[PDB]
Number of protein chains: 2
Amino acid sequence: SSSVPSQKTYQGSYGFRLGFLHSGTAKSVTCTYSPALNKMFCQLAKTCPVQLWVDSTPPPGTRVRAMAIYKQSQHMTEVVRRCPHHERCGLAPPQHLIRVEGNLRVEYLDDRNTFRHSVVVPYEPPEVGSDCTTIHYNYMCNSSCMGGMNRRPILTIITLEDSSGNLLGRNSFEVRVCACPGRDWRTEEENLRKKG
Amino acid sequence: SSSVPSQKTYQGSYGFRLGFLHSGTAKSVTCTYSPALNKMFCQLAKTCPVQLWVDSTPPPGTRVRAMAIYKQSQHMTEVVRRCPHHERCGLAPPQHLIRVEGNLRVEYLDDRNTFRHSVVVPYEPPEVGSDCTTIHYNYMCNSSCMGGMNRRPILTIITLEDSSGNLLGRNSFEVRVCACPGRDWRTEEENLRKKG
DNA sequence: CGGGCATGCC
DNA sequence: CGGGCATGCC
Ligand SMILES: [Zn+2]
Ligand SMILES: [Zn+2]
């Protein structure tokens with residue numbers, strides 16, 4: 001069986017979608033999202049809020065899993081890991097790229113067969129008056145980190161799963177972790193218009 | 001006592017000097033030396049020949065030690081180490097930046113008090129007809145390596161020591177380990193002329 | 001903060 | 001190979 005997780009969007013019977021809060025497009029804004037590229041630009045070790053939207057209520061015990069995969073075909077089969085420097089320098093294993101902050105029920109998985117890392121939290125329905133649920137993700141390396149992502153773009157795959165392990169929904173977005181998300185967002189959108 | 005080793009030139013009673021073989025100044029020549037800057041530009045994990053010249057014959061049992069120190073005052077007291085990436089990826093301990101190739105009597109020292117790394121080989125007199133002795137050094141990180149030198153320039157300190165531990169001579173040269181020694185040499189010499 | 005150097009890599 | 005992008009940092 002494949003050790004490469006699926007990245008194909010599957011909004012599913014609950015109408016599962018992701019949302020992202022708009023930002024101020026300063027050169028070094030901490031986080032900004034491009035709808036045109038379906039791509040988050042963010043800084044390392046700083047909060048990246050991701051909204052979960054659903055049309056129907058998931059059952060009790062639903063979980064939310066995040067997992068990184070390399071976007072380029074030639075790197076898809078390599079597990080995405082923290083670089084040795086940031087690994088060397090209290091729940092998250094130091095090898096995990098993606099953390100969740102602000103949740104008391106976070107679980108970190110090292111898959112015993114595929115060796116892939118993932119981080120899971122319970123799904124919580126949005127509070128009254130609110131239309132979505134926000135998870136605070138953290139990426140612990142830059143996309144450029146030598147010995148880690150090494151300038152290779154990744155996708156974050158967000159899966160909605162029931163307690164039995166059924167896939168309820170899947171979405172993904174590209175990520176560039178970088179020093180200057182505003183500059184790099186502008187550059188990539190201009191490149192899309194001029195050369196895409 | 002100081003844990004910062006001396007970098008002051010001490011040619012000494014044997015007339016100890018260093019020599020460097022000229023190169024072709026291609027953009028990515030493997031090694032090239034600037035007399036004006038007293039600075040070697042070289043590529044990582046590739047041979048860097050350094051010549052030992054003396055006016056008088058060192059006694060039997062003389063040793064040749066190499067040690068890296070950061071050139072900038074604000075970094076002088078930090079031990080120069082291999083970065084975590086190149087450490088993770090058969091005599092040299094993986095934490096040592098400087099290796100010697102082509103010698104059967106190499107010793108690697110981790111100083112128990114100063115924590116400084118050094119690599120030592122016996123001094124051999126130049127063969128008949130030859131005016132100097134060549135040691136093949138290897139630098140196992142780029143100057144830019146994140147978590148290691150991190151773009152901070154270093155000096156290599158070469159000391160001539162008798163078997164009793166007396167300092168016979170000391171010389172040093174700055175090093176930039178980089179992908180394109182020819183380009184970076186030209187840039188730094190032009191910067192010296194224009195802004196030095 | 002935004003302009004521009006940096007430097008392994010394309 | 002040398003021109004020029006790359007991107008954390010100055
Ligand atoms: Zn890293
Ligand atoms: Zn290194």
Side-chain angles (χ1 to χ4, degrees), chain A residues 23-32 34 37 39-46 70-75 82-86 89 139-154 174-189 191-192 196, chain B residues 23-32 34 37 39-46 70-75 82-86 89 139-154 174-189 191-192 196:
Chain A
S23 79
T25 71
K27 175 183 180 179
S28 303
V29 63
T30 67
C31 189
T32 187
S34 166
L37 298 165
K39 180 164 182 175
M40 171 66 71
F41 297 78
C42 63
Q43 298 189 307
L44 101 161
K46 293 188 185 175
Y70 286 117
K71 182 187 180 197
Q72 300 163 276
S73 304
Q74 80 196 267
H75 300 299
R82 205 150 174 221
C83 83
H85 167 56
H86 289 118
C89 64
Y139 298 85
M140 305 307 294
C141 286
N142 287 312
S143 286
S144 62
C145 274
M146 175 185 67
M149 289 181 286
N150 196 38
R151 302 174 316 281
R152 303 173 282 181
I154 61 166
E174 188 174 340
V175 189
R176 171 184 177 91
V177 194
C178 53
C180 305
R183 168 186 68 183
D184 298 355
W185 163 74
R186 270 179 288 282
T187 290
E188 278 185 43
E189 281 200 353
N191 286 343
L192 169 66
Chain B
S23 79
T25 71
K27 175 183 180 179
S28 303
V29 63
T30 67
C31 189
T32 187
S34 166
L37 298 165
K39 180 164 182 175
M40 171 66 71
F41 297 78
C42 63
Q43 298 189 307
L44 101 161
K46 293 188 185 175
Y70 286 117
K71 182 187 180 197
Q72 300 163 276
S73 304
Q74 80 196 267
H75 300 299
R82 205 150 174 221
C83 83
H85 167 56
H86 289 118
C89 64
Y139 298 85
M140 305 307 294
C141 286
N142 287 312
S143 286
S144 62
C145 274
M146 175 185 67
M149 289 181 286
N150 196 38
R151 302 174 316 281
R152 303 173 282 181
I154 61 166
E174 188 174 340
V175 189
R176 171 184 177 91
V177 194
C178 53
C180 305
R183 168 186 68 183
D184 298 355
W185 163 74
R186 270 179 288 282
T187 290
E188 278 185 43
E189 281 200 353
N191 286 343
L192 169 66

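Chain letters run A, B, ... following the sequence lines, proteins first, then strands; residues in each count from 1.
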Take atom [atom1] of [X] and atom [atom2] of [N], then tell me their distance rounded to the nearest Å.
X: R186(B); N: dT7(C); atom1: CZ; atom2: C1'; value: 15 Å
X: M149(A); N: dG8(C); atom1: CE; atom2: P; value: 20 Å
X: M146(A); N: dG8(D); atom1: CE; atom2: P; value: 13 Å
X: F41(A); N: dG8(D); atom1: CZ; atom2: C1'; value: 16 Å
X: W185(B); N: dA6(C); atom1: CH2; atom2: P; value: 18 Å
X: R183(A); N: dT7(D); atom1: CZ; atom2: P; value: 9 Å
X: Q43(A); N: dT7(D); atom1: CD; atom2: P; value: 15 Å
X: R176(B); N: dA6(C); atom1: CZ; atom2: P; value: 9 Å

Measuring from the side chain of [X] (C-beta onward, heavy atoms only), which nucleotide among [options] has the closest atom?
X: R151(B); options: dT7(D), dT7(C), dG4(D); value: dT7(C)
X: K27(B); options: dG8(D), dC9(C), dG8(C); value: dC9(C)
X: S144(B); options: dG2(C), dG8(C), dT7(D); value: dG8(C)
X: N142(B); options: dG3(C), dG8(C), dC5(C); value: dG8(C)
X: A26(A); options: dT7(C), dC9(C), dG2(C); value: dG2(C)

Q: With DNA chain D as reference, determine whether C180(A) or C180(B) sits nearer its 5' end, using the nearest nucleotide of each.
A: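 Closer to the 5' end of DNA chain D: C180(B).
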Q | Toward the 5' end of DNA chain D, by each residue's nearest nucleotide, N150(B) or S28(B) | A |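 With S28(B) and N150(B) compared, the 5'-side residue is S28(B).
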Q) Taking atom CE of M146(A) and atom SG of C141(A), what is their separation to the nearest 0.5 Å? A)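 One finds 11.0 Å between CE of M146(A) and SG of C141(A).
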Q: With rounding to the nearest 0.5 Å, note down the distance linking NZ in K39(B) to CG in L192(B).
A: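 Nearest 0.5 Å value for the NZ-CG distance: 11.0 Å.
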Q: Answer with yes or no whether the side chains of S34(B) and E188(B) bring together a donor and an acceptor at under 3.5 Å.
A: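 The answer is no; no qualifying pair exists.
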Q: Mark yes or no for whether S23(A), through its side chain, and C31(A), through its backbone, hold a donor-acceptor pair below 3.5 Å.
A: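 Judged by distance alone, yes, a pair lies under 3.5 Å.
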Q) Do you know which two heavy atoms are closest between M149(A) and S143(A), and how far apart they sit? A)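 Shortest heavy-atom separation between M149(A) and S143(A) comes out as CB-O, 3.3 Å.
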Q) Given that both distances must come in under 3.5 Å, which nucleotide forms a Watson-Crick or G-U wobble pair with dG8(D)? A)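 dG8(D) is paired with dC5(C).
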